[PDB]
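>>> Pasting an experimental structure, sequence included:
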Amino acid sequence: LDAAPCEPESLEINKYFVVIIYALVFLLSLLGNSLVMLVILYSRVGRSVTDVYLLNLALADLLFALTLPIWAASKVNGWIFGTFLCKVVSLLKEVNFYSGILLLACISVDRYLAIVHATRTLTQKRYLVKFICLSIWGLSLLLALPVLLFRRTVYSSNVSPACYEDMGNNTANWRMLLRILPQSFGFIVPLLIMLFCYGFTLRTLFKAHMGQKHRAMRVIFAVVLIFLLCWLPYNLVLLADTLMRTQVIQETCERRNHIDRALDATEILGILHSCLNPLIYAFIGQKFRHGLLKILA
Amino acid sequence: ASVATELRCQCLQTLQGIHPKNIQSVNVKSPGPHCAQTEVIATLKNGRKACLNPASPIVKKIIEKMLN
Amino acid sequence: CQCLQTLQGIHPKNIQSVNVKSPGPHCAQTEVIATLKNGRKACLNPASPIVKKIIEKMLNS
């Protein structure tokens, strides 16, 4: 009887330590995003285009963090909160996740036009931030519908209840196709836009004769690496999971165990984007730093 | 119990049959959100769990025998 | 025996999995337990011809 069930292996050590890490991220993002919102909205003078992008990014990250406490408690003893929240909470989380990433793509395009095309009149197309931010928010809601349509609590025997998807008898294959959206409009498309824009932006800054060119490049490099670090590990694991299910890579009980831990670990790493965003994009500028001090008084 | 962010089939390999006398219970799971194929898992009298092939003619007969 | 008053009807579409436990030291009667999609557990009569149909239907998918 060489064939036997591949019993899942779970360790209590991982689960409760994750809760504190989720809670710590919740506190910082809630405080950090509010300060960014507080600084911009307090004074309405000099509301440049970048101020609008940051304002939406702060809102996108603030809402995303707002759902963390429920998600953290889920990892403890499974989804005990019912089916209705498994849809609403999943909608709010994914809508902001898509919006947050796409804004980082829009911000990069704005910087590309501001620097590379500073002289020409094409840079005048960056005054449509008001509508462009509306488009991104609208597009994100369109890409989160599958989560709302095909999610429910899936009671099982080996595992505690989970807020999984139910697309029919062939849900296993259909779920894999739905993963193309996060891995196409969420990682690859944003990454290519960011690298292209920052790829050429660094070419002009590397040739200009300013004094602040040195700090600008180091900020640009930090932005790119932080994006890759937070999201690349998660997508590579997700791609590995898809390959294993399709039998492209040999499947064994040990491999399924390894990927399960990898997905849990990376997801924690990816969630940190809601915390570093205020520091990387907003609080690294003179205007915001000087602004915060004046508001205190 | 365990907490899984991914649901996977509980069976990898499959046997063509087992001696009925050593079978204590059998679990039949229809296709669902966590698995594309039907899974028949047999819990032996010794505490070991073994897979059974749903398409096997013998497997269908065995379940009928127990339900007697 | 975990199955005391076996039901006489369950919607076939709502059943997720059926567990059959043969006679043993913990129970002198055959038990059939079906786990509904909503997490509830219901006991089916092993002698009911309709119950046999559900198990047969599930296997021949």
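Received the coordinates, thanks. Numbering: from 1, shown residues only, chains lettered A, B, ... in the order given.

>>> Run through who's touching stretch A:160-180.
A:74, A:77-80, A:86, A:89-90, A:146-147, A:150-156, A:238, A:242, A:245-246, B:1-5, B:7, B:9, B:31-36, C:39, C:61 (CB atoms under 8 Å, 6 or more residues apart in numbering or on different chains). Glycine gets a C-beta too; all of them are placed from N, C-alpha and C.

>>> Could I get the full set of strands for the stretch 151-297 of chain A?
Listed in chain order, the strands of the stretch 151-297 of chain A (DSSP state E, counting those that start in this stretch) span A:151-154, A:162-165.

>>> Make a ChimeraX selection of whichever of the contacts of stretch A:160-180 turn out to be buried.
Per 16 or more other CB atoms under 10 Å in any protein chain shown, the buried members of the contacts of stretch A:160-180 correspond to this ChimeraX selection:
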select /A:74,78,79,86,89,90,146,147,150,151,152,153,154,155,156,238,242,245 /B:2,3,4,7,9,31,32,33,34,35,36
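
>>> before we move on, back to that, could you dump the strands of the stretch 151-297 of chain A into JSON lines and include distance to residue A:45?
As requested, those are exported to JSON lines (distance: least, CB to CB, whole Å):
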{"stretch": "strand A:151-154", "distance to residue A:45": "45"}
{"stretch": "strand A:162-165", "distance to residue A:45": "45"}
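
>>> Run through the residues of chain A sitting next to chain C.
Residues of chain A lying close to chain C (CB under 8 Å from any CB of the partner chain) are A:153, A:155, A:157, A:161, A:169.

>>> What residues are bridge-paired with the first one?
Meaning residue A:153. residue A:163 (DSSP bridges).

>>> How much space separates it from residue A:196?
Relative to residue A:196, residue A:153 is positioned 42 Å away (criterion: CB to CB, to the nearest Å).

>>> again with residue A:37
In terms of CB to CB, residue A:37 sits 30 Å off from residue A:196.

>>> same question, residue A:256
Residue A:256 is 37 Å from residue A:196, by CB to CB.

>>> the more surrounded of those two?
More crowded of residue A:256 and residue A:196, by other CB atoms under 10 Å in any protein chain shown: residue A:256, with 19 against 13.

>>> which bits of chain B sit near chain A?
By the rule CB under 8 Å from any CB, the part of chain B lying against chain A is B:1-15, B:18, B:27, B:31-36, B:41, B:44, B:48-51.

>>> show me where chain A has helices.
For chain A, the helices defined by DSSP state H cover A:12-42, A:49-66, A:68-77, A:83-115, A:129-143, A:145-149, A:171-178, A:180-183, A:189-205, A:213-245, A:253-271, A:273-277, A:286-296.

>>> deepest of those helices, which one?
helix A:273-277 (a mean of 23; mean count of other CB atoms under 10 Å in any protein chain shown).

>>> Return the distance of that helix from the chain's centre.
9 Å (CA atoms, centre = their mean, to the nearest Å).

>>> Give the other helices and strands that that helix contacts.
helix A:12-42, helix A:49-66, helix A:83-115, helix A:213-245 (3 or more CB pairs under 8 Å, 6 or more residues apart in numbering or on different chains; DSSP states H and E).

>>> ok, and what's touching that helix?
With CB under 8 Å, 6+ apart, helix A:273-277 has contacts from A:25, A:28-29, A:32-33, A:57-58, A:61, A:64-65, A:100, A:226-227, A:230-231.

>>> between those residues, which is nearest residue A:138?
residue A:100 (14.9 Å; CB to CB).

>>> OK, contacts around the closest one?
With CB under 8 Å, 6+ apart, residue A:100 has these contacts: A:57, A:60-61, A:64, A:273-274, A:277.

>>> could you measure it against residue A:188, distance?
Taking CB to CB, one finds residue A:100 at 16 Å from residue A:188.

>>> likewise residue A:172?
24 Å.

>>> go on, residue A:295?
In terms of CB to CB, residue A:295 sits 40 Å off from residue A:188.

>>> Hmm, residue B:9 and residue A:251 touching each other?
No. Taking contacts as CB atoms under 8 Å, residue A:251 lies outside contact range of residue B:9: 9.7 Å.

>>> what's in contact with stretch A:195-211?
So stretch A:195-211 is in contact with A:108-109, A:111-112, A:115-116, A:213, A:216-217, A:220, A:223-224, going by CB under 8 Å, 6+ apart.

>>> ok and the residue in the stretch 151-297 of chain A nearest chain C?
Relative to chain C, the nearest point of the stretch 151-297 of chain A is residue A:155 (3.8 Å; CB to the nearest CB).

>>> Can you pick out the most distant pair from the residues of chain A next to chain C?
A:161 and A:169 (20.6 Å).

>>> of the two, who's got more company?
Taking neighbours as other CB under 10 Å, residue A:161 and residue A:169 compare with residue A:161 leading, 21 against 15.

>>> Now that residue B:18 has come up, it's in contact with residue B:50, right?
Yes. Between residue B:18 and residue B:50 a contact is recorded at 6.3 Å, counting by CB under 8 Å.

>>> joint contacts of the two?
The contact lists of residue B:18 and residue B:50 share A:1, B:42, B:44, where a contact means CB under 8 Å, 6+ apart.

>>> Closest to chain C out of the residues you listed?
residue B:42 (9.8 Å).

>>> Show me which residues of the stretch 101-250 of chain A sit near chain B.
So far as CB under 8 Å from any CB goes, the stretch 101-250 of chain A lies against chain B at A:154, A:156-160, A:162, A:164-167, A:169-173, A:241.

>>> Make a markdown table from the contacts of stretch A:195-211 and add distance to residue A:19 to it.
A markdown table is the format used below for these (distance: CB to CB, whole Å):
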| residue | distance to residue A:19 |
| --- | --- |
| A:108 | 34 |
| A:109 | 38 |
| A:111 | 38 |
| A:112 | 41 |
| A:115 | 43 |
| A:116 | 45 |
| A:213 | 44 |
| A:216 | 39 |
| A:217 | 39 |
| A:220 | 35 |
| A:223 | 30 |
| A:224 | 31 |
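
>>> which one is the most centrally placed residue in chain A nearest to, not counting chain neighbours?
Note on chain A: the residue nearest the mean C-alpha position is residue A:97, at 4.5 Å, using CA atoms, centre = their mean. The shortest distance from residue A:97 to any non-neighbouring residue, by CB to CB, 6 or more residues apart in numbering or on different chains, is to residue A:64 (6.4 Å).
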